[PDB]
Amino acid sequence: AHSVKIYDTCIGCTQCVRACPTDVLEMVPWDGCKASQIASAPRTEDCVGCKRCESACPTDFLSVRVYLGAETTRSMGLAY
Amino acid sequence: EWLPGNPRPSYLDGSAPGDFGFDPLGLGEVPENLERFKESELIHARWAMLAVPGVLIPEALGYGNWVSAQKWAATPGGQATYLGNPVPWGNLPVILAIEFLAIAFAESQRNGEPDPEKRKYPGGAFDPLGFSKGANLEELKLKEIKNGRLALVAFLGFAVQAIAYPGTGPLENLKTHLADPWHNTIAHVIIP
Amino acid sequence: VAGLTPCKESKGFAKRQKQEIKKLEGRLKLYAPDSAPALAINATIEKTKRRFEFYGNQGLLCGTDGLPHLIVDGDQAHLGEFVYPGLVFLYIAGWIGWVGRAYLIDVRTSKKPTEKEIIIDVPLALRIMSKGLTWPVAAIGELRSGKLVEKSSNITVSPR
Amino acid sequence: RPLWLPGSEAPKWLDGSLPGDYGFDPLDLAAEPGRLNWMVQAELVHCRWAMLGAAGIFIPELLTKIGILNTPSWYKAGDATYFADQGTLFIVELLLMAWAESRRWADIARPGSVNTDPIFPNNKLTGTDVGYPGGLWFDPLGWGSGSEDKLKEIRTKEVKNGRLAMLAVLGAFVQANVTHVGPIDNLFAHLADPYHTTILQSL
Amino acid sequence: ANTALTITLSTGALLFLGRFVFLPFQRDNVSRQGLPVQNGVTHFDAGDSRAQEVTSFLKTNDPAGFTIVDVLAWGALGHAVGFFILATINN
Amino acid sequence: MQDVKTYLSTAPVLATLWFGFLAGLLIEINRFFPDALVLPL
Amino acid sequence: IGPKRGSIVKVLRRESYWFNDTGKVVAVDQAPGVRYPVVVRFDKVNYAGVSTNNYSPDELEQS
Ligand SMILES: CC1=C(/C=C/C(C)=C/C=C/C(C)=C/C=C/C=C(C)/C=C/C=C(C)/C=C/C2=C(C)CCCC2(C)C)C(C)(C)CCC1
Ligand code: SF4
């Protein structure tokens, strides 16, 4: 549904994963930062699109980026 | 040397005839614009030096100024009096179609020269008296633009005297100035 | 000028003076002549008569409505309508703009530049509020010396 | 050196070399580098135009009060008729001011450049400092040369007499605006009743 | 008046300008500007069959390249000037 | 006064003291010189 | 790598808040493979409220 993209400006601060309320983001190993980890979005079909990860990203400009695309019953947040 | 002590710019070295360094606004700063400005400053000046005898000598001989000898074309009948004699072919569609043919053939043949120096001073057929093929060449070109800029300032004077004082000509502005010169100046135009 | 009669010879402007005192005179009829609210209306009438005799003596232009109109083109008769108090204004408004600009330069080279804007340093402020008196000589002086404007290489620019 | 305000620090730009320096730049109008070169030239024309101004405002009006010239007042001198038109004399002045000030403009910009004659170049001005055009046309008695301590005193006397004339001429201007009486008569109305002829009484 | 002489002389004046005066000015400009170009290619090169420049209609036998389109262009100005003159005279 | 004058130098107090002086001045201009539509000077 | 620690740099990154702004370098990572090693501290925060950001040496010049 929603497309969440991680860019190489990430410092591995992990707070995009901690702010995620639908378990989209996970921290995979990486070689481009001091923390040696970058975020990724394997369960991007579960993304509501709330951009809590973009609110918690301290990198200017943002490393996690959520693009609101086709919206399904996962990304609409319904219970009915 | 239009201002003693002023630094002349890098694009005005003094080797040009009349290169006095007068460019405060920097219009000739572009090199290819500056080559057109040098062949524009001379056609303008040569038309202006063909205009100052075309204004004063008709006025000094008594056939009116350059405005009242020009208002006949707006009139349906003016008959085109030349030296006090009406020419038979002096109709407005006749003399404009010749001017849009003869001058346009002259200006198109002028623009066809690829050399940027023969566009300035062609010579040859346009110099039959052989002064270009003489001992003095640089000072006569300085004589061209010093006389030319004087007539260019003169024609600017000629035009704005007609706007400020309609119905009068430049020798009639000279005769008005020669009577009481401390009362009738540009301050009559500046201060109404 | 612009089809407007002068207010000293305008019959509509004198009509508005007549119907304004008459409104205030009828307000005075229900008070005692030595009472305290009657002194306020009597001071209002003398304030009105001072106003109408001031508008006619300044060469104001009155239309068909009997109202003074301002000519802001820059007329030699009408300088005090727009040009004279505009130059008085822009001097005062440039004084506000020059002492606020010079305060920000004086606090940008400080230890905590953001605490000097919520808490304005009055000895630093009052020593340049006096200096805003001569500000056209200091604004064009900074313009000619290049200190008024900042070069675009040191200015935060949003991307295309 | 004495200063305009005791107990006040002199500004770093006014260091005391300039004739007439009393450390008086409270609003910082000559702080900038290269600016104090322009403000001395501005002071020198203004002081000399005011001493020319004070000799044409007060001296012919004083001799009118004695009655040996019968010259009109300076604020009504623009209404007086002459052999030339009053509007015409403005533009003839600013064509002559276009020459005299632009020769002065190049001296401030490029010093030592326009001391030579435009026509007969053997005639050269002997002035060395900026703003002091020594020569036969301007200093024929040669009083502008000598020791530097002696030259500083006579340059101090130009501007102290010049700043007084600036205040004088600015005073005559406001006196003729709110009282409409010439300024020698304003002096003679102040030696009769000084406590009743004051700026508050004239508003 | 004189419609048959005013129109003929004014068309012949503009065709004299088109053939002998402004023909190096026109032939240089139709080569410097060239054909109209979209995205680096000609409109006919991009696929428009209706944008092909005609060559049988432009096949001129004049030695200076003065074709029948230039007859229809410079002669059209000679009638525009010629009816400018006739309307101004008849007033 | 190392902190009382710091509070008095804050943004709302200095806006109140300046605009109290500013509106205090412009009212007192509008008493002795009222109905001023044209500057005579 | 990096220009210098404790030096004044100007950011050439277009999408940063501090583009054409004076910043102070506090840390340069000398480990290989790091894309943005130079840590630049700024006197002004961005809209997120932070002043610490990592840039490459290609996106900074000494000023
Ligand atoms: C010499 C020669 C020749 C011949 C040629 C010819 C003869 C030509 C002609 C030509 C012509 C014969 C042309 C014509 C043309 C025409 C045209 C082209 C027309 C057009 C028109 C128009 C278009 C107009 C318009 C209008 C209208 C319609 C109406 C309104 C107005 C107007 C006017 C605008 C040849 C080849 C043999 C060769 C040799 C030489
Ligand atoms: S919050 Fe931003 S900087 Fe931190 S790990 Fe996630 S994407 Fe990287």
Side-chain angles (χ1 to χ4, degrees), chain A residues 2-44 47 50-67, chain B residues 93, chain E residues 3-23 26 57 59-90, chain G residues 13 15-17 29 34-37 39-40 46-56:
Chain A
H2 290 321
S3 66
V4 183
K5 302 308 211 226
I6 319 290
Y7 294 93
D8 71 329
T9 46
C10 165
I11 52 172
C13 76
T14 285
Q15 324 284 2
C16 70
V17 183
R18 307 192 181 153
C20 196
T22 60
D23 208 58
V24 179
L25 300 172
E26 67 178 8
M27 302 285 320
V28 305
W30 199 45
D31 216 8
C33 64
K34 299 176 63 48
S36 77
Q37 42 174 2
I38 204 172
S40 69
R43 297 158 304 269
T44 182
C47 182
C50 56
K51 312 183 168 176
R52 284 198 204 168
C53 47
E54 309 191 356
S55 308
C57 188
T59 301
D60 196 53
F61 203 58
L62 306 169
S63 302
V64 60
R65 191 56 146 168
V66 191
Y67 305 93
Chain E
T3 310
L5 191 50
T6 292
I7 288 294
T8 300
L9 273 187
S10 188
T11 313
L14 268 298
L15 282 164
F16 200 87
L17 289 157
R19 174 59 162 82
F20 305 106
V21 175
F22 292 120
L23 204 46
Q26 193 184 6
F57 198 68
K59 215 192 63 180
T60 181
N61 292 320
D62 178 80
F66 183 76
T67 177
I68 206 62
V69 186
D70 288 305
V71 172
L72 282 178
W74 279 115
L77 287 192
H79 280 78
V81 169
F83 273 106
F84 205 100
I85 286 168
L86 268 176
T88 306
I89 286 179
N90 294 116
Chain G
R13 190 195 270 174
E15 70 269 18
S16 197
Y17 175 73
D29 199 15
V34 184
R35 284 102 164 99
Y36 305 98
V39 187
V40 186
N46 69 327
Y47 314 101
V50 298
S51 305
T52 297
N53 195 39
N54 280 47
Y55 309 101
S56 71

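Chain A is the first sequence line, chain B the second, and so forth, proteins listed ahead of strands; every chain is numbered from 1. Any value given below was found using the heavy atoms of this structure, including those in side chains, with hydrogens, waters and symmetry copies removed. Note that ligands are numbered from 1 as they come in the structure, with each ligand's atoms numbered from 1 the same way.
Using a 4.0 Å threshold on non-hydrogen atoms, atom 20 (C) of ligand 1 counts as touching the protein. Less than 4.0 angstrom separates atom 16 (C) of ligand 1 from at least one non-hydrogen atom of the protein. Distance check for atom 37 (C) of ligand 1: every protein heavy atom is found at 4.0 Å or beyond. Closer than 4.0 Å to atom 10 (C) of ligand 1 lies at least one heavy atom of the protein. For atom 40 (C) of ligand 1, the nearest protein heavy atom is 4.0 Å or more away. Checking atom 7 (C) of ligand 1 against the protein gives no heavy-atom contact under 4.0 Å. Under the 4.0 angstrom criterion, atom 28 (C) of ligand 1 counts as lacking any protein heavy-atom contact. Per-atom contact check: atom 31 (C) of ligand 1 does not touch the protein, criterion being a heavy-atom distance below 4.0 Å.
In this structure, E/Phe84 places its CZ atom where only 12 or fewer heavy-atom neighbours from other residues, nucleotides or ligands lie under 6.0 Å away. Around CZ of E/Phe16, the count of heavy atoms belonging to other residues, nucleotides or ligands within 6.0 Å does not exceed 12.
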Please determine whether side chain to side chain contact (heavy atoms under 4.5 Å, CB included) holds for the pair A/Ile38 and A/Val28, giving the CA-CA distance in whole Å, both sets of side-chain angles, and the decisive distance to 0.1 Å. CA-CA 6 Å; A/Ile38 204 172; A/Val28 305; 3.7 Å; yes
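Among all protein heavy atoms, the one lying closest to atom 14 (C) of ligand 1 is E/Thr11 CG2, 4.0 Å. Shortest contact from atom 25 (C) of ligand 1 to any protein heavy atom: E/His79 CB, 4.8 Å. Protein heavy atom in closest approach to atom 23 (C) of ligand 1: E/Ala76 CB, 3.8 Å.
Using the six-membered ring where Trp is involved, G/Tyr17 and G/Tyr47 have ring planes that are perpendicular, over 60° apart on the 30 and 60° scheme.
For the side-chain contact (heavy atoms from CB on, under 4.5 Å) test, residues two or more places apart in sequence or in another chain that qualify with G/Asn54 are A/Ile11, G/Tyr36, G/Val39.
For the residue pair E/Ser10 and E/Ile85, the shortest heavy atom distance occurs at OG-CD1, 4.2 Å. Residues A/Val66 and A/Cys53 come closest through the heavy atom pair CG2-SG, 3.7 Å.
Side-chain atoms of A/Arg43 come within 3.5 Å of backbone N or O of A/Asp23 as a donor-acceptor pair. With hydrogens and angles ignored, the 3.5 Å screen pairs no side-chain donor or acceptor of A/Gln15 with any backbone N or O of A/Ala56. Listed for the A/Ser63 side chain is no donor-acceptor partner under 3.5 Å among the backbone atoms of A/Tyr7.
In summary, the atoms of ligand 1 found under 4.0 Å from a heavy atom of E/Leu72, numbered by their order in the structure, are 18 (C).
For atom 6 (Fe) of ligand 2, the count of nearby protein N/O/S atoms, taking only those under 2.8 Å, is 1.
Heavy atoms of E/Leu15 found under 4.0 angstrom from ligand 1 belong exclusively to the side chain.
Side-chain contact between G/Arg13 and A/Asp60 is absent, with no heavy-atom pair separated by less than 4.5 Å. Considering only heavy atoms from C-beta on, A/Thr9 stays 4.5 Å or farther from G/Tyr55 through its side chain.
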